[PDB]
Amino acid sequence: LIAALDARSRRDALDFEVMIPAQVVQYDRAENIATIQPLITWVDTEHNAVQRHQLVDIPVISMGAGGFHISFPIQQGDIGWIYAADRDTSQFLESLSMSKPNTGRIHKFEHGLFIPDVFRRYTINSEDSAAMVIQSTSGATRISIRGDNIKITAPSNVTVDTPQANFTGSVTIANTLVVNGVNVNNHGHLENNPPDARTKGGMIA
């Protein structure tokens, strides 16, 4: 009989984990690890599809290198993809350096990586149809990068916290400019004649 190896091959492929959609149960942003719940059940011999185990202490990617990175404020319930490492990563995670596997389990989500993905749960404004956006998923607060311009939109404010902000060209401000507490639109100056009289009105062309 040859059905034997067919059965084996199937079992072995089912047991070998690679990638599946998954959800955050809990997340620690300082240690950048999560408890993760896979979101596709597996059919058992009994033909019952059942919920998979949680995975603990799973690193969540923070893309970055060279002293820079991108970090999202991950919440319980957020979704993404868990990947299974070839070997136990637990010692590597302790040291972030060259390590041995502490165990013999291979190709299992238990030692994996979670990559957050919002899937389709976002809105792109029509003006950004040809742009890259880094944004709230609502689309309300965004940095939009286009081929020759950048547009930064926020319903409340944009705050630039730095000692020196430099503009190498011109600047146009639609409404009010206040500098050190003084409204420039409406400002004046003391005259020499009449002595110490403030000029009339505000700033004019």
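The numbering used is simple: start at 1 and walk along the sequence shown.
Relative to one another, 38-46 and 52-60 have unequal mean CA B-factors, and 38-46 is the one with the higher figure. Mean C-alpha B-factor is higher over 191-199 than over the other stretch, the pair under comparison being 191-199 and 14-22. Highest C-alpha temperature factor among 76, 135, 71, 91 per the entry: 91. Ranked against the other modelled residues of its chain, the C-alpha B-factor of residue 98 as given in the entry falls in the highest third.
Residue 85: CA B factor lies in the middle third for its chain, per the PDB record. When the CA B factors of the chain's modelled residues are split into thirds, the value for residue 124 lands in the middle one.
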